[PDB]
Novice: 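Can you keep this structure in mind? I'll have questions shortly.
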There are 2 protein chains.
Amino acid sequence: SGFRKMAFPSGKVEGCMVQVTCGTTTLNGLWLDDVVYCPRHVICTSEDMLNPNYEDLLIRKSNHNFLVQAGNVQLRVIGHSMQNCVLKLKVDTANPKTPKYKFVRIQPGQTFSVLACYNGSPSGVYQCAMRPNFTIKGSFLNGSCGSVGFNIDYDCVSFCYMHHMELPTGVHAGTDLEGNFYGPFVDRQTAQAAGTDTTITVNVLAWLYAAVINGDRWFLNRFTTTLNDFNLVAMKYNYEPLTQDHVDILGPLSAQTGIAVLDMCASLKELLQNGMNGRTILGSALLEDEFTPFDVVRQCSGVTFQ
Amino acid sequence: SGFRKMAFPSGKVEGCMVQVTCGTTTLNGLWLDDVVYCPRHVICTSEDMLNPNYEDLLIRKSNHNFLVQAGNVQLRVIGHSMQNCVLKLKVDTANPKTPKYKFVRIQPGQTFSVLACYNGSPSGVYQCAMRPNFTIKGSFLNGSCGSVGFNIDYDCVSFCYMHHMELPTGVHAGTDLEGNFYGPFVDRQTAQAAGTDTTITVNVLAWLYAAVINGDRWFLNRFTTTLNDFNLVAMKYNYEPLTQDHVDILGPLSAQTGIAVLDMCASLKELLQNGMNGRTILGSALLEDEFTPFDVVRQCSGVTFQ
Ligand SMILES: *[C@H](O)[C@H](C[C@@H]1CCNC1=O)NC(=O)[C@H](CC(C)(C)C)NC(=O)[C@@H](NC(=O)OCc1ccccc1)[C@@H](C)OC(C)(C)C
Ligand SMILES: *[C@H](O)[C@H](C[C@@H]1CCNC1=O)NC(=O)[C@H](CC(C)(C)C)NC(=O)[C@@H](NC(=O)OCc1ccccc1)[C@@H](C)OC(C)(C)C
């Protein structure tokens with residue numbers, strides 16, 4: 001038993017992580033087969049970052065402007081081509097460590113793991129989520145750009161994120177691997193604000209089942225509510241409305257525990273209307289929304305990967 | 001900026017993780033050079049687990065009783081020898097992926113990362129700490145035994161933990177890599193209880209500096225206390241006494257911020273005597289003790305590894 005914020009093993013992504021240097025700019029890039037994906041503001045300067053027209057800047061460049069480096073060994077670039085906000089550098093060697101992989105575009109609510117890098121050398125791995133406001137509460141310093149988020153389903157790596165920029169409230173933003181930003185942010189230095197966040201309700205309920213599975217049960221009650229009446233108190237507390245499709249995915253968990261989904265909504269209801277009054281759930285003094293219903297199953301029934 | 005519970009990249013440990021099967025018992029084992037380290041109750045049965053005399057059980061065994069398996073390929077055992085609570089299986093091949101490594105025995109307070117495995121296939125990676133009561137608040141299911149905790153200092157892996165058993169309050173216990181249990185627990189199924197936990201004070205203060213570095217500052221104050229007078233309120237709240245050696249390691253952080261260590265003790269003091277009254281620090285409604293003063297430096301000044 002026990003329940004920790006857990007991350008996918010990062011071995012397979014470490015094998016693709018390289019250093020990309022251009023001008024006076026060094027960031028990280030992802031090397032799959034014979035292609036190296038990095039963010040395109042690697043071609044910018046400090047003065048460029050104010051309102052670049054990346055199509056112009058890029059057309060001046062030649063191949064030899066791109067110092068790519070895997071470990072110490074220098075990759076030879078032989079092509080480039082900008083797709084949305086990522087650059088695609090065709091080099092002269094395919095990555096021997098290329099794993100099974102795909103590119104995906106996640107929805108808000110879905111979670112993933114992040115391997116933070118600087119100069120191509122991994123530094124850490126955390127697990128976080130795609131906020132309702134298309135931001136992520138991450139941990140990034142200068143040079144952290146080009147690091148990726150990802151899920152692993154047995155042998156296959158689903159890349160879903162690349163890092164580009166920090167917003168002034170300390171939150172972060174970036175794109176899928178096809179270059180398209182999540183949310184309405186642009187890779188340039190002009191003011192822009194995240195937009196009010198909400199609480200991912202379906203993930204809170206998934207987490208509350210994880211609390212039940214692990215012996216925590218003080219928050220339960222006899223009460224039951226109908227979803228119409230839950231969603232009017234959840235709004236008030238600025239939670240995502242709950243769809244019948246949420247209740248569907250929560251069924252399995254509802255039956256490993258014999259607690260009706262509609263009863264667990266009645267407990268959360270009381271938790272919001274009274275708070276938590278000195279106690280913790282799963283060692284957290286807060287309701288926790290960064291665990292998906294399929295996250296809970298993972299950790300509580302022990303799925304592995306290879 | 002930003003601040004997440006972060007884990008070392010697990011690539012190098014994944015490369016050593018193998019399956020060890022004996023009798024009707026399957027657990028995970030660690031293969032470095034030509035030696036495979038697993039926990040010894042892999043030789044037990046269900047009835048044995050009540051009061052085994054591992055020296056007897058082991059002397060009946062032959063080499064061919066140990067089904068070792070790295071991926072699908074069957075390692076050939078050619079020797080064994082029990083050192084404290086770990087078995088050491090000499091096989092006929094050295095691990096091509098053996099990294100630079102060492103074995104260490106951590107103190108309470110120090111943290112490490114955990115790569116949870118089942119049947120040899122990694123499942124997740126989390127970061128946690130060696131509680132003051134020689135337990136760890138981990139997340140483990142059946143078959144999780146033989147998984148390790150570890151730190152990485154540039155290129156070198158310091159193994160400090162192997163998994164053996166869960167305690168009935170949901171907490172966990174295990175050994176260093178030389179077989180010796182942390183704390184007073186034994187690998188057998190007879191009753192034993194963790195002992196009251198405390199709060200690792202030096203790590204709370206390290207974390208509070210991380211809060212300062214990242215813009216959170218509502219808990220600060222003009223006040224200052226002398227350490228004699230701090231330690232009498234910290235006791236009350238069942239915190240570790242603070243040594244002058246703590247203040248020493250906290251200096252660097254004290255000066256990236258111009259906050260005297262002795263002033264930060266005066267803020268924590270008020271936080272315990274009043275609680276936190278609706279607000280969060282670093283997105284946690286709690287004071288967080290699983291970040292070391294050298295953890296904070298890592299993440300807030302971006303050290304990498306290879
Ligand atoms: C690339 O590795 C780098 C990583 C960031 C450094 C620290 N954390 C990071 O996420 N990204 C950038 O430096 C990026 C550069 C581009 C804008 C993508 C070209 N810049 C930022 O992240 C800035 N954010 C920003 O300027 O957004 C627009 C804006 C401007 C003014 C007011 C509000 C919003 C960061 C560095 O600026 C702060 C938001 C931290 C002030
Ligand atoms: C090996 O992989 C396995 C992993 C555990 C299964 C789930 N989580 C784990 O940590 N470890 C064991 O099964 C271990 C077997 C030995 C005792 C090491 C031989 N057993 C336990 O962890 C039990 N704990 C236990 O029996 O401790 C002594 C005890 C006995 C009675 C009352 C209190 C303490 C677990 C399985 O038993 C519970 C504590 C969960 C009831």
Side-chain angles (χ1 to χ4, degrees), chain A residues 1-2 20 25-29 38-52 54 57 85 116-119 135-136 138-147 162-175 181 185-194 214-215 302, chain B residues 1-2 20 25-29 38-52 54 57 85 116-119 135-136 138-147 162-175 181 185-194 214-215 302:
Chain A
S1 77
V20 172
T25 289
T26 297
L27 53 74
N28 309 292
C38 60
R40 65 188 181 173
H41 89 267
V42 68
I43 64 171
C44 279
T45 75
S46 187
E47 176 162 1
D48 296 339
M49 269 172 232
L50 190 44
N51 204 17
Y54 292 99
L57 302 80
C85 296
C117 294
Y118 308 79
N119 301 289
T135 59
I136 76 182
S139 166
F140 290 117
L141 304 196
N142 282 134
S144 78
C145 285
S147 316
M162 193 177 278
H163 193 52
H164 299 247
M165 67 199 317
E166 185 181 307
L167 267 56
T169 62
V171 76
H172 296 101
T175 70
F181 262 83
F185 320 104
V186 289
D187 48 351
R188 73 173 166 273
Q189 287 196 149
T190 183
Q192 36 185 336
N214 270 262
Chain B
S1 77
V20 172
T25 289
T26 297
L27 53 74
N28 309 292
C38 60
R40 65 188 181 173
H41 89 267
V42 68
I43 64 171
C44 279
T45 75
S46 187
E47 176 162 1
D48 296 339
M49 269 172 232
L50 190 44
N51 204 17
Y54 292 99
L57 302 80
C85 296
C117 294
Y118 308 79
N119 301 289
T135 59
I136 76 182
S139 166
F140 290 117
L141 304 196
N142 282 134
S144 78
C145 285
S147 316
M162 193 177 278
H163 193 52
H164 299 247
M165 67 199 317
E166 185 181 307
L167 267 56
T169 62
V171 76
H172 296 101
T175 70
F181 262 83
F185 320 104
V186 289
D187 48 351
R188 73 173 166 273
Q189 287 196 149
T190 183
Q192 36 185 336
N214 270 262

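Hydrogens, waters and symmetry mates are skipped; everything else that's a heavy atom, side chains included, is used. So you know, we letter chains A, B, ... as the sequences are listed, proteins then strands, and number each from 1. Remember, it's 1-based here, ligands and their atoms both numbered in the order they're listed.
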Novice: Which atoms of ligand 2 have any heavy atom of B:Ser144 under 4.0 Å away?
Specialist: 2 (O)
Novice: Atom 20 (N) of ligand 1: which protein heavy atom is closest, and how many Å away?
Specialist: A:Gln189 OE1, 3.8 Å
Novice: Would you say atom 13 (O) of ligand 1 has a protein heavy atom nearer than 4.0 Å?
Specialist: no
Novice: Under 30°, 30 to 60°, or over 60°: which ring-plane class applies to B:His163 and B:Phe140, parallel, tilted or perpendicular?
Specialist: parallel
Novice: Which of the numbered atoms in ligand 1 are under 4.0 angstrom from any heavy atom belonging to A:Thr190?
Specialist: 28 (C), 29 (C), 30 (C), 34 (C)
Novice: One residue to check: A:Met49. Relative to ligand 1, which of side chain, backbone, both or neither has a non-hydrogen atom less than 4.0 Å away?
Specialist: side chain
Novice: With a 4.0 Å heavy-atom cut-off (strictly under), which part of A:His163 contacts ligand 1: side chain, backbone, both or neither?
Specialist: side chain
Novice: Between ligand 2 and B:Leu141, can you find any atom pair, the residue atom being a heavy atom, that is separated by under 4.0 Å?
Specialist: yes
Novice: Strictly inside 4.0 angstrom of atom 41 (C) of ligand 1, do you find any protein heavy atom?
Specialist: no
Novice: What part of A:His41, side chain from CB on, backbone N/CA/C/O, both or neither, has a heavy atom under 4.0 Å from ligand 1?
Specialist: side chain
Novice: Atom 25 (C) of ligand 1: which protein heavy atom is closest, and how many Å away?
Specialist: A:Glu166 O, 3.9 Å
Novice: Any idea which heavy atoms bring B:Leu167 and B:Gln192 closest together, and the distance?
Specialist: CG-O, 4.2 Å
Novice: Under 6.0 Å between ring centres, would you say that holds for A:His41 and A:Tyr54?
Specialist: no
